[PDB]
There are 12 protein chains.
Amino acid sequence: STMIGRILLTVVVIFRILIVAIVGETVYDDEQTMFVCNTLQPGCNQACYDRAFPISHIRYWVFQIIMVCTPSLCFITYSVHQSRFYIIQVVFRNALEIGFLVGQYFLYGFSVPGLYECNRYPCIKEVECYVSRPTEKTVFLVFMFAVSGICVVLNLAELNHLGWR
Amino acid sequence: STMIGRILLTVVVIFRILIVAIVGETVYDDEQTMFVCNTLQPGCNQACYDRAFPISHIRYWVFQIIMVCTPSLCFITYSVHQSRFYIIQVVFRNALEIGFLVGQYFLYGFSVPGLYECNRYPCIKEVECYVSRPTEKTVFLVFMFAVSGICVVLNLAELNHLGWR
Amino acid sequence: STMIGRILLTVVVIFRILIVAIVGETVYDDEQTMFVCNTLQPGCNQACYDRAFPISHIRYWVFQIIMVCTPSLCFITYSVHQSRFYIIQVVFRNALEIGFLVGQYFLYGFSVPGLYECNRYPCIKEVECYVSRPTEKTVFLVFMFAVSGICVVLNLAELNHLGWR
Amino acid sequence: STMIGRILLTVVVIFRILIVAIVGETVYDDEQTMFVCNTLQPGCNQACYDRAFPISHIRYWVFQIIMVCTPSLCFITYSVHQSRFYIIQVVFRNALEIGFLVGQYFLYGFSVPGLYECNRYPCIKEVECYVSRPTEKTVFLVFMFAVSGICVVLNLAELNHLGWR
Amino acid sequence: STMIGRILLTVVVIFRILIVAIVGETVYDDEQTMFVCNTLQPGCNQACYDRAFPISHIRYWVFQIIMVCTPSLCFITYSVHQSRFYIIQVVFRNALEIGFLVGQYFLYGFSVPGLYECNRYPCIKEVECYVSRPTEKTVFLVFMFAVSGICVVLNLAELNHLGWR
Amino acid sequence: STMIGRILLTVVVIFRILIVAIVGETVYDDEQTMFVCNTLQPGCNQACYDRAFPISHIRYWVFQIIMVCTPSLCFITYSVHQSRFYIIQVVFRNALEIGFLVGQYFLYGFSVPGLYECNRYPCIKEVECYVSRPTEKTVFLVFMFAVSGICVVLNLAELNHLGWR
Amino acid sequence: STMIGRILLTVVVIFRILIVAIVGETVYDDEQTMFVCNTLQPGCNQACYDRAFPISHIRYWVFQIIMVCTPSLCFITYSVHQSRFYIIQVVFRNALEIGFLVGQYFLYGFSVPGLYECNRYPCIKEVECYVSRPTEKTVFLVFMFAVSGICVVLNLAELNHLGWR
Amino acid sequence: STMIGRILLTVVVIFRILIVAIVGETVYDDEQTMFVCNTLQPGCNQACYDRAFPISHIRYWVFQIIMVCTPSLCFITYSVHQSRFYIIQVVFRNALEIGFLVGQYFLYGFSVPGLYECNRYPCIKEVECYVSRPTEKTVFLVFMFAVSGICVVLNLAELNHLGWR
Amino acid sequence: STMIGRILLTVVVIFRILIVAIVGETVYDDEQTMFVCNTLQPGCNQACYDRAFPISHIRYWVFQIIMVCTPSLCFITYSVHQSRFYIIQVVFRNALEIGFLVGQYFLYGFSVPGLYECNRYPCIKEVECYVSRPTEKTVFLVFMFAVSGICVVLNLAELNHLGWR
Amino acid sequence: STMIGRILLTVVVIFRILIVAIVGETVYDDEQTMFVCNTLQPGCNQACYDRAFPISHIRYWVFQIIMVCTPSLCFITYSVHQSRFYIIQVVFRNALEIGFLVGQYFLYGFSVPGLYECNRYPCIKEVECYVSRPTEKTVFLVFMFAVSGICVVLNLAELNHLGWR
Amino acid sequence: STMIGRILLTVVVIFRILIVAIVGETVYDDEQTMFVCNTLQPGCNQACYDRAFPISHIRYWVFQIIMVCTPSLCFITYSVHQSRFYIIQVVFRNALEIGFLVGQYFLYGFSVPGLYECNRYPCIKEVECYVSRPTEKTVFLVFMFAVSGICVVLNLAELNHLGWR
Amino acid sequence: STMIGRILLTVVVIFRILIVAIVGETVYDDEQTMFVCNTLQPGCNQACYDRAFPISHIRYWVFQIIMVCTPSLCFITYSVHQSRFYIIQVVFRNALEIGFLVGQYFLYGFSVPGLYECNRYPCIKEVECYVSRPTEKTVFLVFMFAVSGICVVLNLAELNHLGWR
């Protein structure tokens, strides 16, 4: 039962990479061009879009995917150049995945609303703005959260079998 | 007769992958840019498009194609690492393909109409909107439904020869 | 004389694949963006374009190219897994190529006109619309018809040498 | 002296392929979007552009490049499957290259002018239209004519050494 | 401890290359199209954008990435063709990386502001302009500065072990 | 000292190829779309852009890069088919590189100005036009001139060691 | 007390004439030009304005003012040409003034609302339209109703003193 | 009874003059500016308006009012300069008023419709146009017809008392 | 001293009439056409203008001028038809002028501001609007208040000489 | 019979004055604002309108009306200041009226066409322009020609009775 | 010599009245509609026009013309109702004319410039605005100043003949 | 012969007054609104119109008409209040009419051209502008010059009969 778990970790990792690389590049393609606010002021659109979406979802996910694969590359390069490395890389992977999951929760939450109200200069008082494609982005958010949670659960499993404290 | 059936399963799977990857990427390319509603309200176009098409067809199909190939990858990785796996992966493939076919039917139906009437905020009362390229999308829908049905029929065939109950 | 015919079948097939893949992707690129009608009604452009061009030429040709190569793939996979197959695949290829040629003739004809008059809702009475790049598309149509005819002639040749009735 | 000539034929062929594939795809990219006529009539722009440029230069050149390489592929496939073929393929190459050069001269001439005057329906009387990037296209025309002429000269050389009449 | 340092240099170099190649190409894509100034003068937008951003960040980083890999290529080619080379290439790498880091600091600083005021001809007096996506670009700046600093620290480490003065 | 010079020639050639292929394709992307003149005449923009930039910089550089590599390909093909060739190809490389450098100097100079005044038909008298991104293009010009000069210097070095007169 | 009543009738009549002639001509001046509906359909504005305001207030009032002065002119012309006439003209004046007051009440009511919703062809479903200057027009309505009521009361007074039944 | 009839003729004539001069000048003021057709063709609006309304109602009525007062002016001037004149001027007035009433009926009818469909050059096929203020104009038409009929009836009365045949 | 006061009353009355009739008709001419709000909503301009200026200044002043002259007309008509009337008309004039002055103060105040913020449907939240010609209108307000005050003072003077209580 | 002719001259003169003064001022009001040509050139509209209508009809008619009344004013002033004058003024009136009628015929003809084609600088080649209200203007032309002809006939009558040669 | 001076005062007064009433009403007609500023901000045009021209020239002149005629009206009314009045009215006329001339000089100066630079909210920093018809307005200013000066000189003349101190 | 000359002076004066007052007010009505220049600069239109037409023709003519009637008014007022005056007023009239005629010639010339080229700030270099209605204005110029010349000739006639030197 604990033997097959490794296979599921490898399969989930590859599945996540494929989903992000093949489909995610094109939901966000028109994110700023189809964002519109009810106003006549030059420059209000730029400021309000920047305030609503500081970092796009797909950039965060690509960065996370690349960064969680670094301990494996280090371990592989070590063996090519030539037990402690295994434990250390497991600890580092655990830390990286919990940090990234909590950061995801704190940055974005669990939904993308359809309306946004912004009151940043050069806008006059508060104005109302409207988002493009909220439902698809919410579904993507929830799916990615679930898959990353599965991965977090899986990595903790192996730690306790080898680890003691 | 039951021997050749496996060859037809492999050929249909590859055919589906090729059709989705080569042609589908470009029928949907202008889906939102050429969607137009009869109105003068900012933000009505975004809301009504989001209500008419929550998830685009091609995203659902790519996800389905990737997800129905996971039991094979798991079985292959197992053998590389090193009879029960065959039966279990057959059961899982059957379940995944029936679930995806029923979900397709419940989400989209069998046609894409040319007109859509929307009454979502910020629109005033009900408004009329107009869709781009309905006939091509309807043809694609019907073809994909037929091919997936063929695959469903084929997978059930092998289950009953080996299975008992 | 009948020996070299096979070489010409292989060369024509590859030539057709290359022409469709390399050049055809870009004549049709702006098909809908540069289609214009003389009217002030929202939504008339979409309906009239959909009525004039239900399925784009290049989509039909890509589908045909992929579908006429399936019996060969089936025969090849059979030998990898391990005389009747040869005859059957020849019959199937013949049927597929005659069906596709007749369907091409019935769907599109032999020319693309420069003007089109449309009377579909929401348009008021009949309106006049104007097509982009008719001459290039007509030339492409005629060339593809000629090449497919050559292939049809070639496939019938081998059938009668081996076949009897 | 006649020995090295073959090397120059191979080098010129590869040079032509590289120049057409790498640079030509992007001079013509905006050919129709930046073509403009002095008029207020819908549909006059489409008709006048179609009359000025029936077939784009780059499509003709790609077709020519692919078609002049067919006798070599036939000869190569023959040897793989298994003196007369050499002579026949030389004759065919000669014919194809003279035909394509004369056709180029008759279709396009030696320059692309900056102004064009068109009197096709739906335009009222004659109107004046203006072309984008004439100088670059003229230079490309002249260079391609020179290279193709060199190739024509080279192919005739070998014919007379082996040929008699 | 000094042994593993080389592995971290190789991993950081590859990580930097991947981050620049995969994600950076698309934050800057719309840099000039969504830059807008409050004015009615033709040509003021071009001049003010040119004054605000003389060289785009991504061009500088790509150039730096390519240029810091030249001593390694020279050393590798030398061995293929066939101790002093090692020391010299280390000195050159050190010099190149300190020069590039200082140049980065002097050209761009540590942030990208949201507003810019420009007074260049043909603009009348001073005008106000507005930048697109400042926060994402600031984050990218800071991350790249940190990674390059790590690399600078690492390269100095090996110099002092072998070097004396 | 003269031995290592060959390595530097190979490294500079590869460096130039990489810089042109990876970065240059995108500075010039919007060259004509963001070129604007102060006028109300149709067709003045096209004529004045054509007069200011007859051949784009990147097309000239790609052509030069491809053309300066032909003697090497000829020499390589000769050896594959099977001392005088070495001397002749050196002479030809020298001639090609001096000709291309002088042509660069005579066509473009050393800078790209921000303003251009044009008086070509259909423009009325003289008009003023405005260029996009002058500083980046000037920097690229200067860098390419320097690298090509280095290559010219290097090729002359080897000529005089083997050559006499 | 009944003697002075005649003076008040003459003063009220002149007051009404002055108010209508001097001020009313300019509140209604922009009635249709500043009427706007939320729609993109040609011709919807005309139909909805016609349905909201069939006869403008000021035209009705001018007609009424002119028509209620006809019995006096007839009586005056009779005397110029040369007791029964007095009674008859009093009866006719009474009838005309009650008819006009009731018609005013039935046509317009007591207020002008700021919003109007119209569903007349060529409009799609129901649309919302917006009125200009509602408060001033409501005040004018109420004032005119009050003055006309005073006149009605005054004319009945004299009838009963001379009349019996 | 026949004595008072003359007074009613004078009163009706003055009433008609006042109504036409005071109110009619401003219903028709915006007749052409607010006439709109669904089309993109220059010059279609002018032609279709000219075809729908060849002579405006108010011009016809002013001309009629002036022309029916000429016999009186002639008779008056005759007496100033100094029984047969009375009879002749009565005959002429009768003829003029019947001719003008019949001409009114034949030119305009009894209503002004809200829609008009026009198929005059330069319009393409038939187009639909929309009229401004139809109800007010219909009411004016009917009122003027009634008043002119009353006048016709009155003039015939006096003719038969003096006339015999 | 009290004798000349009557002359000053007559002169001030005529002066006020002249100023209102000759100059006031044209300061307010463009009141609504040059009123503008920062918004993209149809119908917000109408509602906010109606809320800012319910009754225009010039309409109120014309009404006041006409209404304060009615007791004089009544007294004059009485004498034409044929001491108590003098006292009563003085009381009525006093009452009318105090009522109109207080009403002016309560409706408009003492200034017209340049900015106005409105939050009436269909506007979204609060919006900012901008007034035309505030200074001229403020000056007119103050001048009219001063003149009317002078008239009020003058009318009270005569009341106390004849009146007792 | 010749006695009454003078009365008809006076009546026709007054009738003409009234028709020109009351109705003609408003058919021509929008003559240039609703004149439109199919072109994109600034300044073509002005030149083509000036070429089509050098002097407006109504200006010519007003000038004629004023100028044909000068001999009467001279004769009247002479008598006020204090047989030959009568004859001379008759001769002058005859001459003025024949000259003005012939000039009318030579300047304008008998109709106003709906289309006009103009080829004046700055227009490119020939362009097509469209006239407003042709039918009403044609009717006015014909009526004025008829009335002026009647006047010409009448003035000749009196000349021959008094004149001899 | 002092006798004729009165005639010149009466003639100058009437001349001034005629010039102001007949010509001045139409130079200023388009004062605000053709005033334009180089900016994209709503509401900047209104504020800057209000700051440049607080009170229009023609309003000031009409007010002055009416106000300088009040002592004459008072004196005339006095005589109608029925030596000290003559002296007092002369003193008052003198005072009014010097005050109005000095006020004119302090408000407007001696010229109207063609450019104006404004820095009032809501404008961003300083902006440049452009005036319509400066030369005609400057000429009018100078002429009115000269005529008013002549009148001032004339009124002082009579004061010193009758006055002592 | 010299007796009748006075009558012709009175008739010409009245004729000129009538022509200027009745027709001239409406040729110049749209002088600035239909003036257009080929440019994109704000404020160039105002400056170039001001430079082309400093004082409009009709303003100069009205001023001249009023000013040449002042000596008559002075002489008339003198006689009302109560030989030298006659001579002096004749001298003054002569001087005024020669001065005004020469000033007309020096200001305007004899024609109004259709094109005007202007190079005033804020325009860039020289630009081309286009005038409205040149032919009608030229005809008016010539007619007014002729009439004023006739008047000049007439006034000199009487001077020499009474005058000596």
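Chain I is numbered as in Swiss-Prot; the shown residues are, in order, 19-100, 196-278.
The way this entry was determined, per its header, is electron microscopy, 3.2 Å.
Each Cβ is built from the backbone N, Cα and C atoms, and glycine gets one as well.
Through the fold, the topological domain 'Extracellular' (I:43-75) approaches residues 220-221, 229, 231, 233-237, 240-246, 249-250, 253-254 of its own chain, all at least 6 residues removed from its boundaries and within a Cβ separation under 8 Å. Annotation source Swiss-Prot lists topological domain 'Extracellular' at I:43-75 (among others), citing sequence analysis.
Per Swiss-Prot, the feature topological domain 'Extracellular' maps to I:221-252 (among others).
Annotation source Swiss-Prot lists transmembrane segment at I:20-42 (among others), citing sequence analysis.
Within its own chain, the transmembrane segment (I:76-98) has Cβ neighbours under 8 Å at 34-35, 38, 42-43, 45-46, 198-199, 201-202, 205-206, 209-210, 213, 217, 220, 257, counting only residues six or more beyond its boundaries. As annotated by Swiss-Prot, transmembrane segment applies to I:76-98 (among others), with the evidence given as sequence analysis.
Residues annotated as transmembrane segment in Swiss-Prot, with sequence analysis given as evidence: I:198-220 (among others).
Annotated transmembrane segment per Swiss-Prot: I:253-275 (among others), in sequence order, evidence recorded as sequence analysis. Tertiary proximity for the transmembrane segment (I:253-275) is limited to same-chain residues at least six positions away from its ends with a CB under 8 Å from its CB atoms, namely 20, 23-24, 26-27, 30-31, 33-34, 37, 42, 45, 75, 79, 200, 203-204, 206-207, 210-211, 213-214, 217-218, 221, 223-225.
Sequence-distant contacts of the transmembrane segment (I:198-220) (same chain, six or more residues past either end, CB-CB distance under 8 Å): 73, 78, 82, 85-86, 89-90, 92-93, 96, 257-258, 261-262, 264-265, 268-269, 271-272, 275-276. If one looks beyond the topological domain 'Extracellular' (I:221-252) by at least 6 residues along the same chain, the residues whose Cβ comes under 8 Å of a Cβ in the stretch are 45-46, 48-49, 52-57, 59-63, 65-67, 69-70, 75, 258.
In terms of DSSP helix, strand and coil, the topological domain 'Extracellular' (I:221-252) has 7 helix, 8 strand, 17 coil. Across the unmodelled segment of 95 residues, the C-alpha atoms of I:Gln100 and I:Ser196 are separated by 14 Å. Across the topological domain 'Extracellular' (I:43-75), DSSP assigns 12 helix, 2 strand, 19 coil.
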